[PDB]
Amino acid sequence: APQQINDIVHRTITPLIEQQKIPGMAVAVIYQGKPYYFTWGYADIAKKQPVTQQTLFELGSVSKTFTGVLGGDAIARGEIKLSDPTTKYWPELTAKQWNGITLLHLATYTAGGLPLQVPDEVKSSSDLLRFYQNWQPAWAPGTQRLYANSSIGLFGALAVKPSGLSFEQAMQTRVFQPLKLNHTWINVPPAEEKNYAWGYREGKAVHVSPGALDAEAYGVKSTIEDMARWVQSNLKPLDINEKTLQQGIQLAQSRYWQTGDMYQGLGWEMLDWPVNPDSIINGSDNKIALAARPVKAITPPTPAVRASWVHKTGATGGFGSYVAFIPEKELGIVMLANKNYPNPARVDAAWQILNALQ
Ligand SMILES: *[B]([O])([O])[C]([N]C(=O)[C]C1=[C][C]=[C]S1)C1=[C]C(C([O])=O)=[C][C]=[C]1
């Protein structure tokens, strides 16, 4: 790889791993459209397995970017509309608070305070129905943003209903396969287990546990190579041959709501480029990222802006991931690690690297 990329990447990531005590990590930098890979440490400490370009990491919430794009693809296919009422898909949601809550609200965390996490006791489809029927909104629809798995997770489940496919099958057929993400999974097959890194929480090896709407909200696992391809696809959706997918990616980067200097897309989050590093760095901290904030509707939504810093943080109990890219510069980065370390450190490192290369 060009020495400039090698140097900034190593000079930034090496101290990060030491400071955060990250067991293993993989990084891909997309520069002028080409990917460059880097790896460090262990995927499995006990078994001495190193992290390689084929190592699978839990993406955690970066999965929401796939859900957003799959949802966009469904819109493009004319299967659903963001303006559709939630009840059009789940007529069983008869509780009055659902009146006026649309797929857009679910996808963008603006339904009125749907909770960050789906309760552990909620497992089955009837459990899920009961949970949403009982939920009491804190605010009217479209007034406040509260990042939530229960919100975009429900969006994902409903978005794939007309297709007649399960969420996994729709994702495989409509997103993974067309983009050649042949080592990206919602469920890791036994044959691939040898490449599945262990996550580390308080020193113990862990993998994500089954949960309601896990697939839709935080259940994708992937390699640094497939994630680099994911960044390339979102950087240049026009290079994609499948029409509805190309459109779907575009729709997920449209700006639907604004809060502070951040715009909410479908899964992805965006800021105008150039960005103020302190804004995205401090903004990534959960103290802000998970906070309830009033939002301004962007009427109508702004189509994907090429001069944007598009990104998403993701975590599971044992993993910490981050993806960020700037369409206008054909520049991007993916950072996958098997430790859930502070978001601010992830974004600061990504900024140092991309700022140096821009
Ligand atoms: B997402 O924002 O990364 C989301 N992830 C998950 O819910 C998956 C997890 C399963 C067990 C622990 S996280 C999320 C992340 C966090 C966080 O900052 O750790 C909190 C709530 C949701």
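Counting starts at 1 for both ligands and their atoms, following the listed order. When a residue number appears, it is its place in the shown sequence, counting from 1.
Of the protein's non-hydrogen atoms, the one nearest atom 8 (C) of ligand 1 is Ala315 O, 3.2 Å. Among protein heavy atoms, atom 11 (C) of ligand 1 sits closest to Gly317 N, 3.8 Å.
Under the 4.0 Å distance rule, the nearest protein heavy atom to atom 16 (C) of ligand 1 falls outside the cut-off.
Rounding to the nearest 0.5 angstrom, the gap separating the CD atom in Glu269 from the OH atom in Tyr147 is 7.0 Å. Note that the CD atom of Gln49 and the CG atom of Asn195 stand 9.0 Å from one another [nearest 0.5 Å].
Interface atoms of ligand 1 facing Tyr147, defined by a heavy-atom separation under 4.0 Å, are 1 (B), 2 (O). Heavy-atom contacts of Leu116 reach the following atoms of ligand 1: 21 (C), 22 (C) (cutoff under 4.0 Å). Less than 4.0 angstrom separates some heavy atom of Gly314 from each of these atoms of ligand 1: 3 (O). For ligand 1, the atoms closer than 4.0 angstrom to any heavy atom of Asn340 are 19 (O). Interface atoms of ligand 1 facing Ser61, defined by a heavy-atom separation under 4.0 Å, are 1 (B), 2 (O), 3 (O), 4 (C), 5 (N), 14 (C).
Of the polar atoms of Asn286, at least one N or O is found under 3.5 Å from an N or O of ligand 1, judged by distance alone.
A centroid separation of 6.0 Å or more is found between the aromatic rings of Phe155 and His105. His10 has its ring centre less than 6.0 Å from the ring centre of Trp40. Between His311 and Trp268, a ring centre-to-centre spacing not shorter than 6.0 Å is recorded.
The aromatic rings of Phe319 and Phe57 stand perpendicular to each other, their planes meeting at an angle above 60°, with 30° marking the opposite boundary. Ring pair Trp230/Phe66 is parallel by interplanar angle, where below 30° counts as parallel and above 60° as perpendicular.
When heavy-atom distances to ligand 1 are checked against a 4.0 Å cut-off, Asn149 comes that close only through its side chain, counted from C-beta outward.
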